[PDB]
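Enquirer: Line order of the protein sequences matches chains A, B, C, D, E, F, G, H, I and J.
Heads up: the first sequence begins at -3 in the numbering used here, then just goes up one per residue.
Heads up: the second sequence begins at 166 in the numbering used here, then just goes up one per residue.
Heads up: the third sequence begins at 1304 in the numbering used here, then just goes up one per residue.
Heads up: the fourth sequence begins at 3 in the numbering used here, then just goes up one per residue.
Heads up: the fifth sequence begins at 355 in the numbering used here, then just goes up one per residue.
Heads up: the sixth sequence begins at 4 in the numbering used here, then just goes up one per residue.
Heads up: the seventh sequence begins at 218 in the numbering used here, then just goes up one per residue.
Heads up: the eighth sequence begins at 10 in the numbering used here, then just goes up one per residue.
Heads up: the ninth sequence begins at 894 in the numbering used here, then just goes up one per residue.
Heads up: the tenth sequence begins at 24 in the numbering used here, then just goes up one per residue.
Just so you know, even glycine gets a beta-carbon here, dropped at the ideal spot from N, CA and C.
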Amino acid sequence: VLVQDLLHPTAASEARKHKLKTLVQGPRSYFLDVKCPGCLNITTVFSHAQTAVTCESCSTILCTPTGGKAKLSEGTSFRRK
Amino acid sequence: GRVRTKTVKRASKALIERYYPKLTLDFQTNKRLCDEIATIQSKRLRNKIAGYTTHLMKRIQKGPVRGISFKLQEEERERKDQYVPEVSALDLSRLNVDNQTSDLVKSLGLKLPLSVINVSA
Amino acid sequence: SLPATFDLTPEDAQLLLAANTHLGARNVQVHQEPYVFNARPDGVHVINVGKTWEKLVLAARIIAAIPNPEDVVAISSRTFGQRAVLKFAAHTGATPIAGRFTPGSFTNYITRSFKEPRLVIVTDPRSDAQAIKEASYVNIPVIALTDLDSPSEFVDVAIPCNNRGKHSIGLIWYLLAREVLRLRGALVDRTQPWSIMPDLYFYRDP
Amino acid sequence: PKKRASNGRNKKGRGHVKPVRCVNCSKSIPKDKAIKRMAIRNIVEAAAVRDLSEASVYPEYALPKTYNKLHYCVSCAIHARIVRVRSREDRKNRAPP
Amino acid sequence: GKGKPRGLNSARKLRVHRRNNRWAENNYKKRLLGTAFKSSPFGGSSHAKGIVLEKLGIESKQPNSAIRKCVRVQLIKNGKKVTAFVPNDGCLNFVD
Amino acid sequence: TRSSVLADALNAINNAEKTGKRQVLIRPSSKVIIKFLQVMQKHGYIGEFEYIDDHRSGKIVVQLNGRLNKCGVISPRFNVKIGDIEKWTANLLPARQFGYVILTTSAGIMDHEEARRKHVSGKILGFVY
Amino acid sequence: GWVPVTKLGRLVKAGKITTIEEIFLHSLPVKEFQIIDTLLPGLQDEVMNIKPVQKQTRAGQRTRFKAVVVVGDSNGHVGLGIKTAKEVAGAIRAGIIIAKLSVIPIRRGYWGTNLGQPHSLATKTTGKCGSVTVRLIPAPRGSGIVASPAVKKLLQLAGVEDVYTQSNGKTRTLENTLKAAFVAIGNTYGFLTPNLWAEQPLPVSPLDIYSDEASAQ
Amino acid sequence: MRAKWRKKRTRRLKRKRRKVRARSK
Amino acid sequence: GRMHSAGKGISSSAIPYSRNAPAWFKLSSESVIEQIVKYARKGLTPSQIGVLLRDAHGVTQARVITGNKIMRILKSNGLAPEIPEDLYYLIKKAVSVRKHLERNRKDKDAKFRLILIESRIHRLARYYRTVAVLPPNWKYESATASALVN
Amino acid sequence: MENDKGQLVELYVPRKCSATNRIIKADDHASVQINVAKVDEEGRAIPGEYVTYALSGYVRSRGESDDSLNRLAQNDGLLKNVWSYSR
RNA sequence: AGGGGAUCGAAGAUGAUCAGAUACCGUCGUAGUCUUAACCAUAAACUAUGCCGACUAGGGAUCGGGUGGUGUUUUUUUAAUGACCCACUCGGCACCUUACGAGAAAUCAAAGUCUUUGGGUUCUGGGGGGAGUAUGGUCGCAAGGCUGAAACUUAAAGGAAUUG
């Protein structure tokens, strides 16, 4: 329709479009504060965690890498950050 | 096969749209008035005109058919065309839409009696 | 400016809800995308009637701008809106072409059905596409009652309305005939409605 | 000139698919270019089903159905009425009827 | 784009593309190979004297049909026999 | 690859005005094309344009008022003399009355009317009319 | 006499429209040659070529004649009409008619200084149908109509005084050459120049205001 | 002819000329 | 793109606009560099160091947290390798193909892949020779590369 | 368009499109001018007061004139909120 | 060069057809078709559309991957979990409609952004024949490949569409 405001686009369209083709290019990823029942420490895990993680105090599994964002464990609590 | 050719289709268009008040549904009398409304050279052709004329008048009386428009249907259409009421439908009898129709009032400085009810998301 | 008497009262919103004008086609073209609120889980897209009514105000404000009502043209081709076009012609000048368009009506001056329009209004550009292309030769503005999937080439005023429910096309002619009649004259104030139902505009079998 | 946009075949991004043989004259043709007909028909003839069920020792019969995938070259398919030479505006159609 | 070197230091490629594609005319090729001096009975000349050897009746190409009374002449400046045409109606009573 | 970001700027500008668009997005926003568009801005061929400053050289958004009918480049930047300026204007520009051919010059990026007035020459960046 | 059939013909015969400049202002579509006849009384005609084209039939070749007609006053109006008719007189007399219906104005402008009356085109303009790309180039005064013997007659009736033409393609095709120069005549207004940059009040059409008497029923 | 069998008569001519040339040389 | 391929893929990572450290981070520029050092004493590629930073810890990037990048820190601290990791893995890829060729001689596709890897090595080695990262007159000798890459 | 001494010489000043600022051609039979009436009290308009828009045949051929009339409604007050600047 | 060698099958044998038939059709049938070690480097090797890059128009599928759903389905009927549906997204093979545009047109979303002529870059062509010929050089075991003329001849050859 030849008239768009390309300076303040709608956030629905920002979530629709690609993470590179966004007007301000930036990530769609995030970090998580993940708590395991076998440890008291807090661990910052990436959403696309990309590598199996052990804890600083104990040997346990809390993520499983895949093609996109990794699958968190069933018996493990998580919080966004 | 007794289909009717273009000359007796076209002339039976013409004298029906021009002489429908003078026309009568009976074949034996519209045949005789074809002589006084038009100069048909041959008697057999005049029978072909009048037979299709009483066929089409038989079709006109069971509701009007497009392609034919005589004088009476014009003023009948004009009687339909002068349909005016004292008052019409949409009125201030009670905008029942979402907040965009509130922005119809708010943004450019108007004062309209809104009853804003948003659509289901 | 706009006076305060142009409220979309819930009595005519109930008419739009009865005519099923708000819900429409299954897919939306890019020139009808701002006329859509959102999507539904069953797949039927919705049309906001407030912007439909405001475009109907604009279309009526162009029809009533021409001093002659006889050189305004209403176009229908399918049986779904023949009676609504003829009843639109029944209150204003608004010369109709209901049924076959017989191309050569805006050009080709030797035609008996040749006309001299200053504005055309069509039921839909999809079914009346020959009238749209012929009006693009004479410099005629086009007011189109567009669907979402309806192409909108060579049209100028698009009113988004449903064309699947029977009462939807009749009501969108009925409100447009209402608003052109108010803007011309010979109507009393907007405190009370029409005496009978809008069933006189809709197509009936037979 | 180019008679068809997809030249006579269904081949985009391949270069070579496989060769296949015609069922009428055994002409080496590409598989996508071959006119394929899933010839699905019953074994028995419908004017003989009455006498076959008359002679059947089984109270109910399955009444079977043989299958074939007739691969045709263009010369054989036109000669054996499989496809027709259509109009220029009718070549763009792709529906089976 | 448009299939040629456009850049500011590409005058070498523009020279060599033009000097190699100029070998496809007829006039430039005849000028540079010197075919008029080498392979032509006229050694860079518009006229050349010669001696009549025989009179040859040459039938023209159809749809014309005429014996044109051609003459075969040995040329002097190199020694090549040419076939020559005599203008107007005949003149074989005017040349022997 | 993008061998000339000014050429990819003015091509999308030309595609916008041929489509008739009121705005266009231009990548990847060099200061050469910012100063090129400032020459266009001070003559009124386009509207006020917005430079979105990312940390990846960014992008700009250009407002077009429809006055610009053709904005071409001359690629590469040929070395032009003073007498060759009026040779190039007869070919690039449709009329002697209007139209500008834009030079890059050690005095700055400016059009040929200003460069002829101050009597200096440079390399042709492009042209507008 | 002549009875009008279009509303533009009614306005022209009634004298409500005084000149064709209002017609070209609102881009009014002409459908009657008597509109151009009675509103341009000084319109002269010219027959450029008579090309006999023929159709192979079972009888052999049946031949029609294609006439290209250039009309126009030298005050800045020119029209081109091509008609294929069975006889040369009918093709000429109907090619004249379509050339009246296809009258378009030409933008006569200035090469250098804006001195007196305009002499040349205000811009260079491209027209192309077929391979024929005619490039009309503005010229200084006294340059003459540097053109083909057909394009020069097209530009003489267009009323320009000095102009350069750069015609490429198979320009021996005469009807494509004249139509391409006709297109290049028409796009002179369509090209936009900074001296027209001022916004206008957008005047109303004569058909909108003279609705009380035009096409009276 | 096709461009295949003009080429074939060419190649058989070239084969014959090559054998004749090697016979003389 | 895709120097030796027909692909047009744009799969990459776009770090945010914030050049300063995020508010959810807790470590400092003098507390993550020892994790950089001890992971480098564990003999890992800097491509894997940044993965272990981003995954096991909240260390997003070395540039956004510290004032220097990972290989910049390793060269400053003295744990810079002999060859860069891009050239290391390309030569490692080439040796793996070259070991495959004497057991599969008729693997002509894998034979063609060798020239693709050899050309990628030699362009990258030409670049490193221009910026003096590798020593000058350095050749990929095509025989004793396994001394360099184990 | 004027000469050296004023006295504007022309045939006619060409019109321009309201949507894309393109000059309306003389042969532009797809280019249309739309007049829209000005309204007054009690839902009744007046004759002779009209807002004039010109739309080019190119914009109508692109199928984009509907939102173009929407934008030319918003910038003067014909419709209050029908065209979103951000989309 | 060696192994293998079932079918099909150049050559060849015939038997028919036909005026002839050493071609089509029939039955055999050698090389070949398979492999391994070497050669050749040609194809209507074609999307007859170089490669890289940007922009312009909409749509709906589909391949692969990824994101989101208080969506469905599977032993337990939101608890151990893949496929499907919808909204997207990137990359691909492409397709359909319209062409603003382009083109000689067929057609093309690229063959568009090309007389309002310049994004970068490589190769090729200059009327048809002669002719991809002769010669020379190089490569090859050879067949042949790559480069590659001229003399002479001709006013047309050719492309796309229209009617008969």
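Report the neighbours of residue 1440 of chain C on chain J: residues whose CB is nearer than 7 Å to its CB, in chain order.
Expert: Correct list: 52.
Enquirer: Looking at the secondary structure, which residues open and close the alpha helix (DSSP H) in which residue 336 of chain G lies?
Expert: Unbroken run through residue 336 of chain G: none, as it is neither H nor E.
Enquirer: With burial defined as no fewer than 16 other Cβ atoms inside 10 Å of the residue's Cβ, what is the status of residue 243 of chain G: buried or exposed?
Expert: Buried: at least 16 other Cβ atoms inside 10 Å.
Enquirer: If the cut is a Cβ gap below 7 Å, which residues of chain A does residue 90 of chain J touch?
Expert: Within chain A, the residues near residue 90 of chain J are -3.
Enquirer: Return the CA-CA distance between residue 54 of chain F and residue 273 of chain B, expressed in angstroms with no decimal places.
Expert: Distance between the alpha carbons of residue 54 of chain F and residue 273 of chain B is about 30 Å.
Enquirer: Please confirm if residue 16 of chain A has its CB atom under 7 Å from at least one CB of chain I.
Expert: Yes, because at least one Cβ of chain I sits closer than 7 Å to the Cβ of residue 16 of chain A.
Enquirer: Determine, using beta carbons only, whether residue 111 of chain F comes closer than 7 Å to chain J.
Expert: Taking Cβ atoms only, chain J never reaches closer than 7 Å to residue 111 of chain F, which makes this a no.
Enquirer: I'd like to confirm the pairing. Which residues does DSSP put opposite residue 73 of chain D in its beta bridges?
Expert: Looking at the DSSP assignment, residue 73 of chain D forms a beta bridge with D/38.
Enquirer: Look at the alpha carbon of residue 190 of chain B and the alpha carbon of residue 1415 of chain C, and state the distance between them as a whole number of angstroms.
Expert: Rounded to the nearest angstrom, the two C-alpha atoms are 28 Å apart.
Enquirer: Could you tell me whether any Cβ in chain G is nearer than 7 Å to the Cβ of residue 27 of chain J?
Expert: So, interface residue.
Enquirer: Taking 6 Å as the limit between beta carbons, can you name the residues of its chain near residue 381 of chain G, skipping five residues before and five after?
Expert: So the qualifying residues of the chain are 354, 356, 363.
Enquirer: Between which residues of its own chain and residue 65 of chain A is the CB-CB distance below 6 Å, once the five residues before and five after are set aside?
Expert: So the qualifying residues of the chain are 43, 44.
Enquirer: Please give the ranges of any beta strand (DSSP E) in the region 235 to 291 of chain G, keeping only runs that are unbroken, at least 3 residues long and fully inside the region.
Expert: With a minimum length of 3 residues, the continuous beta strand (DSSP E) runs that stay inside the region 235 to 291 of chain G are 262 to 273, 278 to 288.
Enquirer: Near residue 1038 of chain I, which residues of its chain fall below 6 Å by C-beta distance, leaving aside the five closest residues on each side in sequence?
Expert: For residue 1038 of chain I, where only same-chain residues beyond five positions count, the Cβ hits under 6 Å are 984, 988.
Enquirer: Give me the subset of the region 65 to 90 of chain F whose CB atoms are less than 8 Å from a CB atom of chain J, sorted by chain position.
Expert: The region 65 to 90 of chain F vs chain J, Cβ under 8 Å: 68, 69, 70.
Enquirer: Counting contacts by CB-CB distance shorter than 7 Å, is residue 899 of chain I in contact with chain A?
Expert: Cβ-Cβ to chain A under 7 Å: no for residue 899 of chain I.
Enquirer: Taking just the CA atoms, how far does residue 17 of chain A sit from residue 901 of chain I?
Expert: The alpha-carbon atoms of residue 901 of chain I and residue 17 of chain A are separated by roughly 15 Å.
Enquirer: Which partner residues does residue 113 of chain F have in the DSSP bridge list?
Expert: Beta-bridge pairing links residue 113 of chain F to F/106.
Enquirer: From which residue to which residue does the alpha helix (DSSP H) around residue 425 of chain G run?
Expert: Taken as a continuous stretch (DSSP letters only), the alpha helix (DSSP H) holding residue 425 of chain G covers 423 to 426.
Enquirer: Do we get a CB-CB distance below 7 Å when we pair residue 101 of chain F with the residues of chain G?
Expert: So yes, residue 101 of chain F belongs to the interface.
Enquirer: Round the Cβ separation of residue 347 of chain G and residue 399 of chain G to the nearest angstrom and send it over; I've been treating them as touching at under 8 Å.
Expert: At roughly 13 Å, the Cβ-Cβ gap does not stay under 8 Å, so residue 347 of chain G and residue 399 of chain G are not in contact.
Enquirer: CB residue 230 of chain G to CB residue 432 of chain G, shorter than 7 Å?
Expert: In this structure, residue 432 of chain G does not lie closer than 7 Å to residue 230 of chain G by Cβ.
Enquirer: So, helix, strand or coil for residue 66 of chain J, using DSSP?
Expert: Of the three classes helix, strand and coil, the one that applies to residue 66 of chain J here is helix, per DSSP.
Enquirer: Hey, how far is the Cα of residue 409 of chain G from the Cα of residue 75 of chain D?
Expert: Between residue 409 of chain G and residue 75 of chain D, the C-alpha separation is close to 60 Å.
Enquirer: What is the rounded straight-line gap between the Cα of residue 380 of chain E and the Cα of residue 393 of chain E?
Expert: Between residue 380 of chain E and residue 393 of chain E, the C-alpha separation is close to 14 Å.
Enquirer: Can the beta-carbon of residue 104 of chain F be found closer than 7 Å to that of residue 10 of chain F?
Expert: No, the Cβ-Cβ distance between residue 104 of chain F and residue 10 of chain F is not below 7 Å.
Enquirer: Could you work out which residue in C/1469, C/1483, C/1378 is closest to residue 1318 of chain C when comparing CA atoms only?
Expert: Residue 1318 of chain C has its Cα closest to that of C/1469, out of C/1469, C/1483, C/1378.
Enquirer: What is the DSSP secondary structure of residue 420 of chain G, counted as helix, strand or coil?
Expert: DSSP places residue 420 of chain G in coil when its eight states are reduced to three.
Enquirer: Return no unless some Cβ of chain C is closer than 7 Å to the Cβ of residue 267 of chain B.
Expert: Residue 267 of chain B does not count as touching chain C.
Enquirer: In whole angstroms, give me the CA-to-CA distance for residue 73 of chain D and residue 90 of chain D.
Expert: Going from the Cα of residue 73 of chain D to the Cα of residue 90 of chain D covers about 25 Å.
Enquirer: Take residue 13 of chain F and list the residues in its own chain whose beta-carbon comes closer than 7 Å to its own, dropping the five residues that flank it on each side.
Expert: Counting only Cβ-Cβ distances below 7 Å, and skipping sequence neighbours, we find 74, 75, 76, 129.
Enquirer: Please compile the residues from chain A whose C-beta is within a distance smaller than 9 Å of the C-beta of residue 110 of chain J.
Expert: In chain order: -3, -1, 0, 1, 5, 6, 9.
Enquirer: Step through the CB atoms of chain A and report whether any lies within less than 7 Å of the CB of residue 947 of chain I.
Expert: At least one chain A Cβ lies under 7 Å of residue 947 of chain I.
Enquirer: DSSP three-state label for residue 329 of chain G, please.
Expert: Three-state DSSP puts residue 329 of chain G in coil, outside helix and strand.
Enquirer: May I ask you to report which of helix, strand or coil DSSP gives residue 223 of chain G?
Expert: Coil, per DSSP.
Enquirer: Answer with yes or no whether the minimum CB distance from residue 60 of chain A to chain I is below 7 Å.
Expert: Output row for residue 60 of chain A: interface = no.
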